[PDB]
Structure formats: structure tokens, C-alpha cells
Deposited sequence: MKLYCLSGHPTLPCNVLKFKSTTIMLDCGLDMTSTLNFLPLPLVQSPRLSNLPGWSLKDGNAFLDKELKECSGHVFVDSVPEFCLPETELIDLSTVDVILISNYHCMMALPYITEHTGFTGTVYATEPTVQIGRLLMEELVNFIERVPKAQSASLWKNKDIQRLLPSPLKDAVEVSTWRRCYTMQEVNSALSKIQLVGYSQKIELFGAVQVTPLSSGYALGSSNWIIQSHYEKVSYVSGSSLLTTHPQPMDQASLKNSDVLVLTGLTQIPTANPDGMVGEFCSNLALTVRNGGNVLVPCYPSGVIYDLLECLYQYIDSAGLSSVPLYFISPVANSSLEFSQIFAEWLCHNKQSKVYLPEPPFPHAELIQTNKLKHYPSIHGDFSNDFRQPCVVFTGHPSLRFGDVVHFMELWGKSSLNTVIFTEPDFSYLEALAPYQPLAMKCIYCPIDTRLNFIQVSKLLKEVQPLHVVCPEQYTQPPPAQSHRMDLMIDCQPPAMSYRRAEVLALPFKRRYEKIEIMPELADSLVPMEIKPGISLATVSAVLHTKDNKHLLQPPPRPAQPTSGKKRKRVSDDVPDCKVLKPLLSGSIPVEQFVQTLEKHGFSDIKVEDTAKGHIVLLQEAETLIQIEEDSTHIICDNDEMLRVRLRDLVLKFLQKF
């Protein structure tokens, strides 16, 4: 048990697990943290990648995946390298991840780090994947996915004993976060916690709907940079409830996106602005569109048209891109900017109650969790309170376990 760690990011991990004879590489998603060093669509916005210098991929056997938010690096791992193993994942996961992959490439061919990939790779990558359901035991050790409740297809993986928890929620619609299924283990890898540990989600949901309805009630336009799948659904089930309860009347909801029709499986879902959108475009309106990073996509067009008036408003909900640095290339600015990070993950008051119920022996988390946050360095509760102390790791490290 010598856990090679290829990426240091706490939310988009990359961990290789060495065993007696098997090797497992779980949760191999990209790091969009770098695509906003560049300028919007003077170069090509280039992406990061897990540090493959630690070990070759021709030795990796299997590649597990929990959820779609960390899969976009699957091309670089199974196509450009000599990877010749199988890949397991869940049915509603790959159905969604395929959708996000088509959006990204569509945005970029419109006109160590590596350039972006093309439609050729993703099809061959999304081919050699074997799909499973919850509790369907798979052999090799005997890995099996469970229910985390974070996203639609989002599974924790218990290897056999070593448990693995990444990006799990407890505030729910999906299948509940099971807890009895992952106790009595030797070690327990725990990654993917919330990144806004202080503010509750329910506060920020009421903060999204309130800044929205405050603008459209005053004759203004609201731009919401979001993904086509993920948090956008919880915004809409809350926005529908808000409109019915608070009484917002007759405001369009233009969900324009290159891949939007298959994205739902009075929200009009036009495919692009070049088309019948410019004709049926009534203001004041709301447009869930673009890419969160603001470095490409349709939002770059909207961000320029409306950005010259104090009545309009842009609201950020992706708790991954710092909205202050993702917005600098547009200054000077007159349009209000609001940060309303909706994040539904395991809070620190929630993770401890888990441990005092699951009761593992050893736990392992990145450096950013065994230390209080960089803002509230004094707050000692915003940290994994476990006994015995948790074995931390960093980027490009080899633990002993």
C-alpha cells in the first residue's frame, strides 16, 4: 500500500494506489485552475494535467471514477499515453460527462501543460468504459461503488479493506449517503470537501434568488455563468419554487448552450445566440450560459454587451474560480458583480460526526485539511479533528500507509 499522489488539488484529485499486484487510479479529472491565466477568445487557453512524471501509465491497471466534475482529463490518460486497461464508472455519470466534454471542445475549436483535445479522442475514450450500478460488486480485490448523494451519478468506492470517499454530500433528490457500508476498514481515503466551509448552502441559495429578483424587478439583465449539468439543476428547482412562492412574474429564462437539448434529461433552451435567439430576445431576462471560467464560450459575448450599465448584474455560483481574478480582463466595469457560492458538500461539522459513526482506524487527506483555512487560521474547528492524527500528503508524494 504505497499511495502515489499525482495531483495536489483538493477537489479535483489524482491518486494512484499500489497494491499486491493491482494498481488503481481513482478520480482522474483535470484542473481548470490554469485556463484563466491566459486571455479570452493573446494565446490559446491551455489546461493543466496530473503530474505523470512520478510513474508511467503503462503500468496502471484500472481507472475508477466517482462523478463527472472530475473526468475531463480522461482523454489525456487513456489516449496520448500507453494506457491499456479498463475503466469503470456509473451509468448516469458517463451520460453527463460526455455532455460536458462536448461543450468544452465546442467552445475551443470555434475561433506540464497540454493543449485541448478534439472530438476524436473523447469518443474512443468514452468507448472503453464498463458501466455499473450501485452495489453491483465488480471483481479484479473486489471493488464496488456505493451511493454518495452528491451528484446524479456519484459513487464512493470501497476496495477490499480500504475505503475511499470523494465529493460526497449529506443535504440531498439523489440516492442517500450510505454510512454503514464503509465501516470496519484499515485505512480510509477522504478527499473532496467543501471549499466555502463557513457559509451554509441554504443561505447562499436565498442569496442567489434575492440578488436575481432584485435586478429583474428594476429593469435589468442577469447573467449567470454556469455549467450545463451539476449545480444548475438545483438552482432551477429552487428558482422555480421561488418564482411560485415569492411572485416573480413574466421573466424569460434563456438557457442558451451548444449542448442543451440533451442537457435537461418556462426555460427556453436555444442552442446558440447565432440563430433565432436574436429575434426572440425579450428583456429583462435571465441567461444561464457560457463557461464558468469566463475565458471562452457564449458568456464572453454577453459579458461585453451588458457590461456597460449599472442596472445589469452577473452572479457567480461555481465555488472553484476566484471571481475577482476571473473578471480582471474586463475592468473597467459598471455591471454589479455578486459572489453567491452554492456548495453542497461535507462540512467540517458533518465530517467529524461521520468518523464518530463509521469509526475507521487511519484516515488520509491533503495538507489543506489537516490545517485550518488560510483565511481563518485561528479557527481550529475548520479542520479534520481525528484521532489518531491523519496522514497528510502533498503533490507528487509517496506515502507508506
Open item on the list: Going by C-alpha coordinates, which parts of the deposited sequence are missing from this model?
Closed with: 42-77, 148-176, 206-208, 229-232, 245, 339-371, 508-658
